[PDB]
Each structure stands twice: as C-alpha cells, then as structure tokens.
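**Q** Sequence and experimental coordinates follow.
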Amino acid sequence: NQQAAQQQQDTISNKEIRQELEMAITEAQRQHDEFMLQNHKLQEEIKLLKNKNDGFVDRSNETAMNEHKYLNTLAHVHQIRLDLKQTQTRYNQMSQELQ
Amino acid sequence: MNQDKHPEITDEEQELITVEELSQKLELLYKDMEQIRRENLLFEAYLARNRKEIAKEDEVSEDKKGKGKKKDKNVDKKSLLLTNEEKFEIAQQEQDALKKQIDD
C-alpha cells in the first residue's frame, strides 16, 4: 500500500476548505477579542484622564455629530500617522545620503 | 396549494456556499480587527501623550491626598467606554497632535 497513495490528489470537497475557513475565522475572532481588550483599556484610561483633566460636563445637547464623521476623522488620523511614517522614511533616506 | 418543489441542491453546492460565506465573514472580521487595531494605536498614542499630563499631574496631587472619605460612587462599566462624542473628541485631538507631530 505504498505506491498507490502518492497520486491521491487532495481534492478538498469544501470540507477541508470549510475547516480552514473556520480556523481562520477563529483566529480573526481571537484577534478581534484582543483588539477589543486593547481598545477598552485604552478608552477606560482616556475617559479617566478626561474626567481628571477636562471638565466632567458632557456636551450631549449639541448637534448629533455623525459617527460617519468620527470614522472619517479616525481614518484621517490613521492616514496622517502613516504619512508621518513615510515622510520620516524619506527624510532619513536623504539625510543618510547627504551624510 | 401549488407546492413549488425546490430542486435538490448538491452538497457540493451547499459546501461551496458555506465556503463563500466563511470567506466573506473572514474578510469582515479582518476589516473589523484592522479598524480595532488602528483605534488601539490611536488610543495608546493618546494615553501615552497625556501620561506626561498623567504623570505630571499625578505627582503634583500626591501630596494633596488628604483624609477625603467621599463615598465611592458605583459607576457601571458601560460608562468607562468612550461614547460617540468623546470618541470623536479623542480622534480630533489625536489628529491635531499627529498633525503637529508631522509638522515638527
């Protein structure tokens, strides 16, 4: 029973594919839970800091700013951080070339 | 009643549909995790930057820790997570701080 097994190509009938997708989803869920923990601890620290430094009064009576606007500003923050990274990358490149 | 006899879907078709749904959910979960990781980085930067205020202000007030026996208010955990307005304020403040960082 040695020779006949080699050519048994693994034609996954979506069962092994299903299992791989499930394991990938489980890993994504664990990463999501880790990100939840990180974000929740960060938000708790930020809220305690804001209570300690900024006023405890909440400006909820203002116009309902769109969470779409909040996500736009968050994406803008991510883009600005990335741009900072690449800008310093070029800056160091030219600085080292000059040096 | 006209009982529309649905055609028998091969288990291969069901399996492929399940694979497609799993791939879509994996894409959604990866997008969510990327968003959450970006938010984690933003909030970590915010907290670290203000820890200078945290450390500077905490040190000043340590000697002021008197005999205050104020009853500890029971605030639910739901109030320890940033609301929409507070999250937007943090995002804008970190956006301004980051813009200053790129400038400098």
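**A** The structure has been received and is ready for your questions. Residues are numbered from 1 along each chain as shown, chains lettered A, B, ... in the order given.
**Q** Counting neighbours, what do you get for the nearest residue to residue A:49 once chain neighbours are set aside?
**A** Once flanking residues are discounted, residue A:49 sits nearest to residue B:50: 5.3 Å by CB to CB, 6 or more residues apart in numbering or on different chains. C-beta coordinates here come from the backbone N, C-alpha and C atoms, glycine included. A count of nearby residues for residue B:50, using other CB atoms under 10 Å in any protein chain shown, gives 22.
**Q** Spit out the contact partners of residue B:50.
**A** Residue B:50 makes contact with A:46, A:49, A:53, according to CB atoms under 8 Å, 6 or more residues apart in numbering or on different chains.
**Q** and what of residue A:90?
**A** By CB under 8 Å, 6+ apart, the contact set of residue A:90 is empty.
**Q** element containing it, please.
**A** Residue A:90 belongs to helix A:67-98 when assigned by DSSP states H and E.
**Q** next one: that helix to chain centre, how far?
**A** Offset of helix A:67-98 from its chain centre (CA atoms, centre = their mean, to the nearest Å): 16 Å.
**Q** longest helix of chain A?
**A** Ranked by number of residues, the top helix in chain A under DSSP state H is helix A:15-53.
**Q** mind listing the helices for chain B?
**A** Assigned by DSSP H, the helices in chain B fall at B:11-62, B:84-103.
**Q** gap between the last one and the chain center?
**A** Here the centre of mass of C-alpha atoms in helix B:84-103, compared against the chain's by CA atoms, centre = their mean, lies 15 Å away.
**Q** now for that helix, which elements pack on it?
**A** Helix B:84-103 sits against helix A:15-53, helix A:67-98, helix B:11-62, with contacts defined as 3 or more CB pairs under 8 Å, 6 or more residues apart in numbering or on different chains; DSSP states H and E.
**Q** which parts of that helix are buried?
**A** Neighbour counts over helix B:84-103 (16 or more other CB atoms under 10 Å in any protein chain shown) mark B:85-95, B:98 as buried.
**Q** any idea of the angle the helix holding residue A:90 forms with helix B:11-62?
**A** Helix A:67-98 runs at 80 degrees relative to helix B:11-62, counting by axes from the mean of the first three to the mean of the last three CA atoms, to 10 degrees.
**Q** what's the angle from helix A:67-98 to helix B:84-103?
**A** Calculated by the same axes, to 10 degrees, helix A:67-98 forms an angle of 20 degrees with helix B:84-103.
**Q** hmm, back to that, ok, which of the helices and strands packed on helix B:84-103 comes nearest residue B:102?
**A** Closest approach to residue B:102 among the helices and strands packed on helix B:84-103 is made by helix A:67-98 (4.4 Å; CB to CB).
**Q** Tell me which residues of that closest one come out buried.
**A** Residues A:70, A:73-74, A:77-78, A:80-81, A:84 are the ones in helix A:67-98 that count as buried (16+ other CB under 10 Å).
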